[PDB]
Protein chains: 4
Amino acid sequence: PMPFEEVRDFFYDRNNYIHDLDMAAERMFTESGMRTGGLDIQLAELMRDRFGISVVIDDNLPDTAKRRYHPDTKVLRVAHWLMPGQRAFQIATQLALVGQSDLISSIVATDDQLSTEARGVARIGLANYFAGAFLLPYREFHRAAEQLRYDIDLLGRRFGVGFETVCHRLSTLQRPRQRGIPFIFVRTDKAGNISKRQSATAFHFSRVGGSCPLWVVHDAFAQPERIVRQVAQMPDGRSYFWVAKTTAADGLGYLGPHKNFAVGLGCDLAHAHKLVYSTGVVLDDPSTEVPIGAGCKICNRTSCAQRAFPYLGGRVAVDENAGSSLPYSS
Amino acid sequence: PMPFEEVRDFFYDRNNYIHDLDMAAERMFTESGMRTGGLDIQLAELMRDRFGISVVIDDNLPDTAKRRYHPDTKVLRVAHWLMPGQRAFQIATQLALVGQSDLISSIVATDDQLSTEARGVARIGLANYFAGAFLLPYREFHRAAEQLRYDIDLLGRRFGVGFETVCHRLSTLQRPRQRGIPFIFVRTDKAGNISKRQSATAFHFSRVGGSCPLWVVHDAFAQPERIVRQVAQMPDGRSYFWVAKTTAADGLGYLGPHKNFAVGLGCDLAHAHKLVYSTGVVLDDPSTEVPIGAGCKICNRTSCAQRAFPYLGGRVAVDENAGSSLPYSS
Amino acid sequence: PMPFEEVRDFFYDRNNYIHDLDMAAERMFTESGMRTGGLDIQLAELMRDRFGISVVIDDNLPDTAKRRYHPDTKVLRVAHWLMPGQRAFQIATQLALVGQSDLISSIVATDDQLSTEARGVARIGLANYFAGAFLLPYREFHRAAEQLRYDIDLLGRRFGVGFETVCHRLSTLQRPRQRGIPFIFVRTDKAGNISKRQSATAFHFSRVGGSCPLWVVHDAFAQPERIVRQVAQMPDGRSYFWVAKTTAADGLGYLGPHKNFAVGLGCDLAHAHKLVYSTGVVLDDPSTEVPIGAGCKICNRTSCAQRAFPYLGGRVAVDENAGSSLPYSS
Amino acid sequence: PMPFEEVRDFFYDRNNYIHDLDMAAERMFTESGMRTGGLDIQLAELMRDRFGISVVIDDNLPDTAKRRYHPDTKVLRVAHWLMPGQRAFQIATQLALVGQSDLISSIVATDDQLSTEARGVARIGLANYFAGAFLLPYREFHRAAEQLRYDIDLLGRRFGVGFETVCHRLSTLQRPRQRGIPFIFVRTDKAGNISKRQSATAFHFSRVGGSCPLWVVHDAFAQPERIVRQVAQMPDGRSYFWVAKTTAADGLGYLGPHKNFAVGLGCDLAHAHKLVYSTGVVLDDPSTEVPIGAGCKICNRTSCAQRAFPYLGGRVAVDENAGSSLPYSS
Ligand SMILES: CC(C)(COP(=O)(O)OP(=O)(O)OC[C@H]1O[C@@H](n2cnc3c(N)ncnc32)[C@H](O)[C@@H]1OP(=O)(O)O)[C@@H](O)C(=O)NCCC(=O)NCCS
Ligand SMILES: CC(C)(COP(=O)(O)OP(=O)(O)OC[C@H]1O[C@@H](n2cnc3c(N)ncnc32)[C@H](O)[C@@H]1OP(=O)(O)O)[C@@H](O)C(=O)NCCC(=O)NCCS
Ligand SMILES: CC(C)(COP(=O)(O)OP(=O)(O)OC[C@H]1O[C@@H](n2cnc3c(N)ncnc32)[C@H](O)[C@@H]1OP(=O)(O)O)[C@@H](O)C(=O)NCCC(=O)NCCS
Ligand SMILES: CC(C)(COP(=O)(O)OP(=O)(O)OC[C@H]1O[C@@H](n2cnc3c(N)ncnc32)[C@H](O)[C@@H]1OP(=O)(O)O)[C@@H](O)C(=O)NCCC(=O)NCCS
Ligand code: SF4
Ligand code: SF4
Ligand code: SF4
Ligand code: SF4
């Protein structure tokens, strides 16, 4: 495998929850006297007071640089065009890399099979995890997620972060005795590439698969920047609730290159009733569930009109005397 | 490879043009006294007069059946819900299978490496090719495509066929001395699955690739039943004009299984000026071309903000002291 | 008022149901031996046999002409680009105008206040009503609408007509002892112009109003050619179920002028459970209903964040010391 | 007229530029030592140093309150969920109302026909104008708009403001000797309600009209958070370039009330070549211009297939012997 797949599996093997790192972030948040709201300024003062790091807002960085840290003089420059929550994320990432280096190193050490480059990629993944666990302190964030019935927009509003950051954190609430809904988080683009997979436990799309066009995550770009929802049934009978939305943040100019992603959060149908997104939806009727697969070549459904490729198991008859609206049927 | 890939390659190796079969379709159209306009009605009586086949419009066929042929009674049943052009397509498909069986077998014989199942799939593909070349007689269709400046909707209106059928036929106009624009034809779904590839000549997506989310074909579902267009530049500098549109032919009920596809037609930029779809677009300015790829793992571009995966030829730079809006950058 | 408003009110006063005309269409359908399926051909033979009218499919008419009738030689020319159901509609319209002229004249005579031009416009409206009542014979169409739970696509498939034609006919099922769901039918464009209003009984948007942006009919263009649905609550507490879909049929060329409309069907919430479109929706929860109005200037809702104009009744305070996300609040 | 129309006309009569107020904002920005970048922080301390006003970021304000000012304690509370540029806008609005009160009163006095309520609405409009001219200092903003070729996203990024705010300021650059492109600015919703009109000079939609569904501004909701563009020709031959985009600023919860607007900027075609949005479009070909109107009842075009209502100057032709794809044709 490749290094990003190695690190995806590194997080999947740990149920997408790193107890030592999460508790470290929360403990530092509390001991520093942090308060939710305007964390970028408080994080600047924590960098200065605890690490001698001077944080400066720089509009002189290249267009694509979100931050740069100069370790010779200990100066952290943060992009002016980042919103406060993004600035705080950048600062907390660097905070993990300079202030939690040994804890990150030992956590990486717990997987001896990781390749040389996968270890650095995992270091960056764990720094991102720390930044998420610092911006969204575990007990407070879990506590608000339950009060708000998992409304991602309201969570982002209360904590001053975006949709993708909230979904990231929601997929990590696997602390023993204070678990949230077990989620699978995915990020896709317009061509169906899934560039992020994180899961609390085993799901169909945790590691591979996900190229079924009836899956609602791919429909997010058809209805941009509005939450889509679906009650999906996999070919093995297991049922899931999926919500997805496009994240499209540029301001790189009309001519510039644009980045467009969709973020999806899925869970077992049995949890759907605790989500605000199930409002108005009937969840006790298996006939209203949408039948999806994992990708046409690994999907054994026999009567799918959307089917793009034949199922690789077994083969269908070819009939010169029949025409059908079900491709590769028999 | 699998059999549908074998037949995709069978047609690709022949420049998507089967001269003997195409000329057979045109000669039969002319000798039978056919006329564009109501071809379904004329095809029914040509079946009766020439092959003793009785064509019946059956509203008792199963919901998913487009046709069924009973060779014992020589009875062809066609679905009532097919529009006239689709009925004509079904009848001409059966006409190829019963009246051009030996020439189709002889054409198949020219590829000795075809597997046993690939031969049946190729028989059905060649019957479809014949039906297309019969509904859209080569010389008449070519002259209409040039007169209409390749307006696909206007061609469908003149010949009483749909969008996908016109694009199919347009990608086959490789008869020596009467060439149309050389096209690559693709059919995709919302998850990026490309279920059809047909090519007049060598193109980047003739056989594999096409999972770039900046390619306009994947943007077709965001703007349904609207033609989208793009001037694309591949990483090797070669430039192309792409037109695409969703086809949604259903009415299987609100609850029923739904069919959603997008069809794309691509050509060299040098031909774009004879397309009606080039109206209003500047074609002589390489800075206005959109830079796309074939798929992130096989794309070597250095500064793509949309990038989903690291390029396999490259290596993963990791910088703990920098944050960037360019994922997996060089 | 203007003539189209005069005729809209002419139909509204009659509960959108013309008993004499509807029974005439159904009686002629039965006495002529018509059968659902391929009505265009049977209507051609009925024109010839009963009225001496020769029906011909003409590709020589101007682009915009659907039909033309030459009364000196009794020849009806029908556009080749019309699908069979549209051809049948055209033929039945002319059939009403030549074969039901006196019945139409007396029905018009029952409204003495109609202006001179409104009488001709009403003649055309009643001919259209006859064509709808002939293509969709009352007892058979009502009988299928109940069996199919009002699935508009399935009704169109069975009767070979489009979405707008089915919705038209569904809004007319007010025959005593065999009434369908009482519907209001509207047609809008992208700018909110409502160009058709028909209602079985009194509804909020029967004659005026309908410019509320939270009403789902205006959202149809955001999700083109897919059915949208909404449980709406008017400011007076009454609740309604709304379904809408875009109808976009051109083939007038990429450069040509395009016609894009959305068609909406609404009913009281108490009927929603008989629609297939209520599947998966909770209808016994007044908290999940969306609060809409009739247009901001005639809407008295006090806490609408979407509000575009102040409500004309009373006035709100202007406060220099407050900023609010509720425009024109107080 | 009503008071919001009175104030729309107050600004329209002044070419959407208030010279004394604009120069006051710029002079105060310069004399205070302000710098673009973190204006919310600098505005808080300018309030404290110059007016004794204590600015507080209050997460205890009601959900819908952007600000509240207590003049007894001179305490300005600003909503925590406002991004920095919006916070700066709120503070500068209050700054206009407390620190430029007499000049605003004097500017209002120049329109003696303003009703008593229109004067308060004009006071708030002028405070908003001051806030815009303070956040976006005239000469600096004008030079940046010219350097960036009017790229609205890039201007928002440089100045830390949103799309609507930039378009607002762009429509005000009518200072003699330093003119920007003369623009008309509109804000619409999904139902076609135009809730804002601001104009540098006389335009067709400066005061009324704008309900043409072929106008690209109404197409913005079909392509959400994507800039749409159009070369439009009014029925009198005059041609315009239009850019539009939806603004969706919410996160009031999945169930909460939602805000959806589209903002459009229009100018003479002769200026289109200095816009970045003109990249790739041919502007010297009047056949490629789209023919639009001001609203169907006030539009005299003869062959519009989209037409919703009969033109009021015309008369209704009715032909019982013809069917046409042109509703209400001449
Ligand atoms: C996959 C990756 C390359 C994508 O890069 P990118 O597309 O440039 O985007 P980023 O993930 O850096 O940031 C985008 C959003 O994700 C959010 N995010 C990323 N990791 C997060 C985490 N662990 N917790 C919370 N939020 C997180 C950021 O806050 C950001 O929100 P914003 O856009 O509103 O500012 C990048 O996330 C990465 O390097 N991750 C670490 C390696 C890893 O875990 N790989 C496994 C892949 S499954
Ligand atoms: C690939 C395949 C299974 C797809 O099946 P499907 O999804 O049921 O769709 P079909 O292709 O049968 O029909 C869809 C449209 O394509 C059109 N079409 C298909 N082949 C055509 C041809 N050779 N010429 C013109 N039109 C054609 C049909 O007319 C139809 O138009 P319509 O929707 O208005 O009725 C089927 O086309 C097939 O078996 N093709 C032959 C095998 C082959 O060539 N495989 C390699 C393809 S990569
Ligand atoms: C309003 C009007 C001018 C619109 O014209 P148009 O936009 O050219 O469209 P048409 O209504 O002629 O036809 C469009 C669809 O409506 C359908 N339709 C129209 N009247 C119908 C009726 N009474 N029953 C069933 N279907 C009907 C047609 O079948 C057609 O379906 P199709 O597009 O798939 O072929 C036209 O309907 C008319 O003249 N109506 C009669 C006058 C009237 O009743 N005015 C009151 C206005 S509320
Ligand atoms: C019309 C009105 C009620 C709309 O209220 P609203 O829908 O709550 O929206 P607001 O205009 O208050 O704010 C929305 C955006 O417009 C921007 N805006 C408003 N006036 C502006 C100005 N003069 N310059 C720059 N930006 C301005 C705000 O900054 C805000 O940007 P944001 O969304 O990123 O925060 C309100 O703008 C108003 O009272 N205006 C003054 C009265 C007036 O001029 N009326 C005639 C208009 S036709
Ligand atoms: S066969 Fe149908 S259900 Fe299975 S993956 Fe393909 S589209 Fe999805
Ligand atoms: S790296 Fe960028 S250009 Fe290349 S395939 Fe991926 S998205 Fe397309
Ligand atoms: S005030 Fe709100 S609910 Fe009322 S019509 Fe306007 S947008 Fe609709
Ligand atoms: S008649 Fe046509 S061009 Fe004129 S306003 Fe109506 S839709 Fe627009």
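Residues numbered from 1 in each chain as written, not as in the entry; some residues may be left out. Chains lettered and ligands numbered in written order. Heavy atoms only, no water.

The name the PDB entry assigns to chain A is HTH-type transcriptional regulator PrpR, from the organism Mycobacterium tuberculosis. Recorded in the entry header as its title is "Mycobacterium tuberculosis transcriptional regulator". Reading the Sequence similarities entry of the UniProt record for chain A gives the comment "Belongs to the short-chain fatty acyl-CoA assimilation regulator (ScfR) family." (UniProt positions renumbered as here; feature names shortened; annotations may be inferred.)

1. Description of the relation of the copies chain A and chain B
Expressed as a screw transformation, the operator carrying chain A onto chain B has a rotation angle of 180 degrees and an axial translation of 0.0 Å, and the superposed copies differ by an RMSD of 0.4 Å. Both copies of the chain, as the preceding transformation shows, are related through a two-fold rotation axis. No C-alpha of chain A lies nearer the rotation axis than that of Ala-222 of chain A, which sits 2.0 Å from it. A share of 95% of the interface residues of chain A reappears at the interface of chain B, consistent with the copies meeting face to face through the same patch. (Least-squares fit on C-alpha atoms. Contact = heavy atoms within 4.5 Å.)

2. Some remarks on the site of ligand 6
Residue and element names in this part refer to chain B. As a matter of local geometry, ligand 6 sits amid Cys-212, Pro-213, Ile-292, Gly-293, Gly-295, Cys-296, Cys-299, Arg-301, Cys-304, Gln-306 and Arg-307. In terms of residue class, the shell around ligand 6 is built from six nonpolar, three polar and two charged. Residue-level mapping places the shell around ligand 6 at the junction of two domains, with at least three residues from each of domain 2 (181–294) and domain 3 (296–330). (Near = heavy atom within 4 Å. Nonpolar A, V, L, I, M, F, W, Y, C, P; charged D, E, K, R; others polar. Domains from an automatic or database assignment.)

3. Focus on the side chain of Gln-306 of chain C
Looking at the secondary structure, you find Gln-306 of chain C in the loop between β9 (290–291) and β10 (322–324). Every residue in contact with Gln-306 of chain C, bar those within four places of it in the chain, is listed here: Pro-213 and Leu-214 of chain C together with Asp-189, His-258, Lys-259, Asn-260 and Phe-261 of chain D. (Helix = DSSP H or I, 4+ residues; strand = E, 2+ residues; numbered from the N terminus.)

4. Topic: the relation of the copies chain D and chain C
Mapping chain D onto chain C leaves a residual RMSD of 0.4 Å; the transformation is a rotation of 180 degrees accompanied by 0.0 Å of translation along its axis. An overlap of 91% is found between the interface residues of chain D and their copies at the interface of chain C, pointing to a shared contact surface.

5. Points about the sheet that holds strand β1 (residues 54–58) of chain D
On the basis of which strands lie adjacent, the open sheet formed by four strands has the order β10(C)-β2(D)-β3(D)-β1(D) and mixed pairing. Where the open sheet ends on each side, the last strands, each with one partner, are β10 of chain C together with β1 of chain D. Averaged over all pairs of adjacent strands, the angle between strand axes in this sheet comes to 15 degrees, irrespective of strand direction. Looking at chain direction, strand β2 (residues 65–70) of chain D and strand β3 (residues 75–79) of chain D are connected through four bridges and run antiparallel. Paired with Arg-67 of chain D across the strands is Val-78 of chain D, a residue of β3 of chain D. Sheet strands touched by helix α4 (residues 84–99) of chain D: β10 of chain C together with β1, β2 and β3 of chain D. Its angle to β2 of chain D, the strand with the most contacts, is close to 35 degrees. (Pairing = 2+ DSSP bridges. Axes fitted to C-alpha atoms, helices over the stretch in contact; angles between N-to-C directions.)

6. Structural notes on the packing of helix α7 (residues 138–147) of chain D against helix α8 (residues 152–159) of chain D
Residues and elements named next belong to chain D. One way to put it is that α7 packs onto α8 with a least axis distance of 10 Å and a crossing angle of 140 degrees. The orientation of α7 with respect to α8, classified from their angle, is oblique. Here α7 and α8 pass one another in a crossing that is right-handed. Listed contacts from α8 to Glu-140, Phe-141, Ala-144, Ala-145 and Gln-147 of α7 are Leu-155, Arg-158 and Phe-159. Among the residues making up the contact of α7 with α8, the classes are represented as five nonpolar, one polar and two charged. (Parallel < 35°, antiparallel > 145°, perpendicular 65-115°, else oblique. Left-handed = near helix turned anticlockwise from the far one by under 90°.)

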